[PDB]
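Next comes just one chain, in structure tokens: the form deposited in one PDB entry.
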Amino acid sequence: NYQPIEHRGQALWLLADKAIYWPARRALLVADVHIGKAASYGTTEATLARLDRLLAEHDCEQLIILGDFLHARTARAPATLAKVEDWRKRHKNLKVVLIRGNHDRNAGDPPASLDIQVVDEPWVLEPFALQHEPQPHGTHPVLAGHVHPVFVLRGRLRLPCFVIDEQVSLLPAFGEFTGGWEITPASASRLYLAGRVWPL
């Protein structure tokens, strides 16, 4: 279930499971998936199956990963890439665009058999500069990943949050990890807690 917002003249749906759906572009946006950052006690399969649920829920002609799809060199692993191959060939017609992050650079471009269009930040889909790193763009509003934004609630709970802002907006990390960059409670931006999508 989703929270619609207007942002720079576009209707964007913030998804409870840490994704943005862009209806006019029939596009699903996520960031910091970190396939291969799984521990052994959160799984690669669970992450891919989590994508399959969003892709079945919404008309997605394309998926755009704002950086950090595969974790590292131990994510170019025999078993692990096999599961991604499995997943990709179940969505043969989906276009998958990866904007390269510091982990995509480190590991290297995903193998060509997986049919992933690798591009360099910024990748501009008007009105938006899509980026991994949240650097301001010279002319466009930015949608970015990289920082793994969370918001701290006390009674502490680190919840993943969207940061919707005029110049640089942040998507929450799609991977399921501890930590995250604590977003200041005094920010002059719109915050949505991606457990519903909870505004502030």
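Just so we're on the same page, rigid core means the largest C-alpha set that superposes within 1.5 Å between forms. Just count from 1 along the sequence shown to find any residue number.
Count of coordinate-less deposited residues separating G195 and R196, as none, 1 to 3, 4 to 9, or 10 or more? In the deposited sequence, 1 to 3 residues between these two have no coordinates.
Are any deposited residues left out of the model between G138 and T139, and how many (none, 1 to 3, 4 to 9, 10 or more)? Gap size class: none, per the record.
Greater mean Cα temperature factor according to the PDB record, 42-50 or 27-35: Stretch with the greater average CA B-factor: 42-50.
With reference to the PDB entry, specify whether the mean Cα temperature factor is higher for 128-136 or for 52-60. The entry gives the higher C-alpha B-factor average to 52-60.
Most elevated Cα B-factor in the entry, residues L191, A11, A186, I20: Going by the entry's C-alpha B-factors, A186 comes out highest.
Tell me, lowest, middle or highest third: where does the Cα B factor of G175 rank within its chain? Middle third, going by the recorded CA B-factors of the chain.
Among modelled residues of the same chain, the CA temperature factor third for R158: Middle third, going by the recorded CA B-factors of the chain.
Mind checking which third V97 falls in for C-alpha B-factor across the chain? According to the entry, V97 has a C-alpha B-factor in the chain's lowest third.
Would you please rank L70 by its C-alpha temperature factor against the other modelled residues of its chain and give the third it falls in: lowest, middle or highest? According to the entry, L70 has a C-alpha B-factor in the chain's highest third.
Keep in mind that the form deposited in another entry is missing from the display, and what follows is about it.
For the core superposition between this form and the one not shown, please identify the residue among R76, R88, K95, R100 whose CA shift reaches 2 Å or more. The one that shifts is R76.
Aligning on the core only, does the CA of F177 end up 2 angstroms or more away between this form and the one not shown? Yes.
Sense of CA distance change between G175 and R76 in the other entry, threshold 3 Å: Relative to the displayed form, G175 and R76 draw closer in the other entry - a change of at least 3 Å between their C-alphas.
Since the Cα separation of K18 and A77 moves by 3 Å or more in the other entry, tell me which way: closer or farther than here. Between the C-alphas of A77 and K18, the gap narrows in the other entry (3 Å or more compared with this form).
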